[PDB]
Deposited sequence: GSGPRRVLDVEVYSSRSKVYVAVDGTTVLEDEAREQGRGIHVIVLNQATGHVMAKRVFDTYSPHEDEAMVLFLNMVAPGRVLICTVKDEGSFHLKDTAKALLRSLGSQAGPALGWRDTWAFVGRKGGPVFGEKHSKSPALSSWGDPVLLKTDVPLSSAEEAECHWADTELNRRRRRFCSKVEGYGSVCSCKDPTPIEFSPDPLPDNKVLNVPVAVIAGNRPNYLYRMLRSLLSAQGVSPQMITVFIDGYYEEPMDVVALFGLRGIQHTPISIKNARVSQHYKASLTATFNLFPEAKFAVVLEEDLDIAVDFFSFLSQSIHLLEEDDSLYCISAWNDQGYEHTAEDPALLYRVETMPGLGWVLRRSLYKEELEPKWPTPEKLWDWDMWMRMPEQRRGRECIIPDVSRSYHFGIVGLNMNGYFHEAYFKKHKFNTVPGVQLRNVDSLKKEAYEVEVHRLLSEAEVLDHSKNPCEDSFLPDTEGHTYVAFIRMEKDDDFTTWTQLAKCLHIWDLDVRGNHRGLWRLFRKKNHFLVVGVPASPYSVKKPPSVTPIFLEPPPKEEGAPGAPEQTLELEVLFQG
């Protein structure tokens, strides 16, 4: 058979139509702006992808050239511009549009209305161009009646060997486009992974909760990092999606993981908060013998040794009840302030971004008092308030084991790292080592400037101390200002332990103590006057 595709380019609206039923409209007044790309398979005409690219605005043309390159060849692409798409098209995008046999596309100019439907890899089916006769005038709205030959059920599909990876590959690859080489006949990229097994692994039977929304592109990247991490048990992973969006679920099914959907109790940050609640209770219901639960969000890269790092450290959670969590994320650990991968800290905060929650804490304290949907509080800020944290601390590594790729942070690439002196992070033993470190550490010149490298001797390996004005345990004026000029996280006050911040400057360990609030002011010579910085 053959498909009557109807595409339409206009000033304020834009639509497509596949055998009588239009699968995308957009008469909205301020939005949708740029080229709209819709993608429908070549043997049934089902939509596999829907896109918008603001090439009226800079650099979205680069998003489009990428995406069209990720679309499998043979595939009928339809384009239909509205409002304006010329302004930042650039030679590269016009070149790709030429490649797909479009000639009115590469010559697209100011506020033109242009519609193109055609096959990727030839040939062209219908192109329709409209020229803006004046610069305030626009291309007369265009409508393009093309009939599009339907291919065999066999020529649209990729004939791989019948491995059931490739069975789930085909169920994904025939449903959504834009994921590229995972859906390409030749050189098909892997859909399961061969992570080196971690021996002595204590995190075997800890569930992994993946908190995801309608960002399938992020979640695909996330899961590939995760299922590649040393010692993963995909059995224990379940991806909680907040909504009934099918594309994020198809990515879950592509890797063959367990996917839970949740009806969005809204609004805003309350809505995220309720998804976290729902997902957490759900994880402990799917795994009632589970003492802990790993919580990862979909916008995170998972370091190679992430489960190596948890297995070594998780005994601390049950042996030390003054611990709130274990986190993979050092707020202060950027590439220039973090160095030791074997090293661990205690901090009086709850960083999130890949963390371990203990079952007892959740069902005995947190879940009963979890904020109602009426209140628009961030879940993590609420978990960091003293009624929830109750003065407990979180284990973090100096080099993080998660990377946040949403929308310069140091991230561990070395695998199978042996953490040093793990048991020295129980409450009292950590205090032993802290004092130990201040007794061996060389005090600095506190009349020299702390914001420049001049502050630290030109050396590597030594450990140093600086003292800053912290009048109360609530006075972070000087530290916030300090934080800014070393170019690390500055907004809120993170990584403090009894008034002590641990960081690295110029490959040397570097200790900041707030005087007099911190109980470590005892280590400060009377000669030294505590450093103080004011803001504006």
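Engineer: Hey, which stretches of the deposited sequence didn't make it into the model?
Structural biologist: Residues missing from the model, as numbered along the full deposited sequence, span 1-5, 413-427, 557-578.
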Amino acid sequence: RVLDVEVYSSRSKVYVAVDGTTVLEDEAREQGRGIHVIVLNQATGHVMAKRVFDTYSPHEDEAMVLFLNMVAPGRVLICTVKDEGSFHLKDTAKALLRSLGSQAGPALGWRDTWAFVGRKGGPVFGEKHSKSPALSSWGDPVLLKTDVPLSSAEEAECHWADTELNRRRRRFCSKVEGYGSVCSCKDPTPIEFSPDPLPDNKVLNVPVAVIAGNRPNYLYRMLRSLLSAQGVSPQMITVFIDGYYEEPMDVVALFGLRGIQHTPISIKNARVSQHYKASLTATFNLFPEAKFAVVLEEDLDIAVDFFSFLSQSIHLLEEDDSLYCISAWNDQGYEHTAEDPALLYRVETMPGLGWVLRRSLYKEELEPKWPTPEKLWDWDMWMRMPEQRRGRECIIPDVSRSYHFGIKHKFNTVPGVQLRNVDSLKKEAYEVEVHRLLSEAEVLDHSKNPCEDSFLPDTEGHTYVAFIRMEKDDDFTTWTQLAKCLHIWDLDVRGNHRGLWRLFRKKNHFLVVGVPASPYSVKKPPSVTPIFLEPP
From here on, numbers count along this sequence of modelled residues.
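Engineer: Mean C-alpha B factor from the entry: is it higher for 61-69 or for 39-47?
Structural biologist: Averaged over C-alpha atoms, the B-factors run higher in 39-47.
Engineer: Going by the average Cα B-factor in the PDB entry, point out whether 459-467 or 327-335 comes out higher.
Structural biologist: Result of the comparison: 459-467.
Engineer: When you compare the CA B-factors of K375, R392, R359, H159 as listed in the entry, which one comes out on top?
Structural biologist: Of the options given, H159 has the highest CA B-factor in the PDB entry.
Engineer: Checking the record values for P133, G354, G85, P216, which has the greatest CA B factor?
Structural biologist: Going by the entry's C-alpha B-factors, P133 comes out highest.
Engineer: Could you tell me which third, lowest, middle or highest, the C-alpha B-factor of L503 occupies within its chain?
Structural biologist: It belongs to the lowest third of the chain when residues are ordered by C-alpha B-factor.
Engineer: So where's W382 on the chain's Cα temperature factor ranking, which third?
Structural biologist: Lowest third.
Engineer: Lowest, middle or highest third: which one holds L223 when the chain's residues are ordered by CA B-factor from the entry?
Structural biologist: As the PDB entry reports it, the C-alpha B-factor of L223 lands in the lowest third of its chain.
Engineer: Would you mind checking where the Cα B-factor of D112 ranks among the modelled residues of its chain, as the lowest, middle or highest third?
Structural biologist: According to the entry, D112 has a C-alpha B-factor in the chain's highest third.
Engineer: When the deposited Cα B-factors of this chain's modelled residues are ordered and cut into thirds, is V176 in the lowest, the middle or the highest one?
Structural biologist: According to the entry, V176 has a C-alpha B-factor in the chain's middle third.
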